[PDB]
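K.L.:
The amino acid sequence is not available; the structure is as follows:
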Ligand SMILES: [Ru+3]
Ligand SMILES: [Zn+2]
């Protein structure tokens, strides 16, 4: 099935998922001189105080930290969003080298990695129904650069040993995603898609301008994960990013002047 290799990678996805060549695919290059400040954007509200993480899963393409979304706890609202979007999971995309790994780019610049916090619109009842709607999802995207360690990330880093291979999971309760945020909530926003198959075009993207810094030791531990299952030949989980896709017609709006 789909992956990131030569024979099953982003160039192949369109065969099983024709939407891969659709009208609002993600990620995209953010051309900072084409994006326009939007005065009609409300302040962004990231409310992760009561976030309830459950566990971490290696799903054979990345790792997901999953949250209890059966109540309004960790929510995203404001900005370009109408209503309330509930945090369901987060994950990353990263490279084999520091010079690549992000999915969104900024004036063609690739970051070492990218964090995606996935939320679904509570008006639709649950995730499965939300992903049938054009405004079903909101994803908060955060760039990672290599520098100082991110203390909020170390708990994630430490557990990766226990989920080396596809299908492994571990208990991951009481993780606070507030520790993964940069200082500023300045952002770019555009309508897009999920960046993995089935590449559903349900996402309001909110991509933060300020990257977080993580240590070389932290990203290196990401790169020790496996795409393969236990007892299979080792395939390092690296370069699990989709490249930039055609913007076509879409406008990227900036929250800042
Ligand atoms: Ru997979
Ligand atoms: Zn993602």
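P.N.:
It's in. Numbers count the residues shown, from 1 in each chain. Ligands and ions are numbered 1, 2, ... in the order given.

K.L.:
any idea how far residue 167 is from the residue in the chain sticking out farthest from the centre?
P.N.:
Relative to the centre of the chain, the most outlying C-alpha is that of residue 231, 28.7 Å out, by C-alpha atoms, centre = their mean. Going from residue 231 to residue 167 by C-beta to C-beta, to the nearest Å gives 11 Å. Bear in mind the C-beta positions are built from the backbone N, C-alpha and C, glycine included.

K.L.:
give the contact list for residue 78.
P.N.:
By C-beta atoms under 8 Å, 6 or more residues apart in numbering, the residues touching residue 78 are 42, 43, 44, 45.

K.L.:
Could you do residue 229 as well?
P.N.:
Counting by C-beta under 8 Å, 6+ apart, residue 229 touches 60, 165, 166, 167.

K.L.:
which among the residues you listed gets closest to ligand 2?
P.N.:
Closest approach between those and ligand 2, by C-beta to the ion: residue 60, at 14.2 Å.

K.L.:
ok, how many other residues are close to the closest one?
P.N.:
20 (other C-beta atoms under 10 Å).

K.L.:
which parts of the stretch 101-250 of the chain sit against ligand 2?
P.N.:
Counting by C-beta under 5 Å from the ion, the stretch 101-250 of the chain comes close to ligand 2 at 116, 195.

K.L.:
Relative to ligand 2, which residue of the stretch 101-250 of the chain is the closest?
P.N.:
Closest residue of the stretch 101-250 of the chain to ligand 2, C-beta to the ion: residue 116 (3.5 Å).

K.L.:
Look up which helix or strand that residue falls in, please.
P.N.:
strand 113-121 (DSSP states H and E).

K.L.:
what do you get for residue 77?
P.N.:
Taking DSSP H and E as the definition, residue 77 sits inside strand 75-78.

K.L.:
wait, isn't residue 195 in contact with residue 102?
P.N.:
No - under the criterion of C-beta atoms under 8 Å, residue 195 makes no contact with residue 102, lying 10.8 Å away.

K.L.:
Need the residues touching each of those two.
P.N.:
Shared contacts of residue 195 and residue 102 (C-beta under 8 Å, 6+ apart): 27, 93, 241.

K.L.:
Can you lay out those residues as a markdown table showing secondary structure and neighbour count?
P.N.:
Output for the shared contacts of residue 195 and residue 102, formatted as a markdown table (DSSP: H, G, I helix; E, B strand; the rest coil; neighbours: other C-beta atoms under 10 Å):
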| residue | secondary structure | neighbour count |
| --- | --- | --- |
| 27 | coil | 24 |
| 93 | strand | 26 |
| 241 | coil | 24 |
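
K.L.:
For those residues, give me a markdown table that also has distance to ligand 1.
P.N.:
Compiled in a markdown table, the shared contacts of residue 195 and residue 102 are given as follows (distance: C-beta to the ion, whole Å):
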| residue | distance to ligand 1 |
| --- | --- |
| 27 | 18 |
| 93 | 12 |
| 241 | 14 |
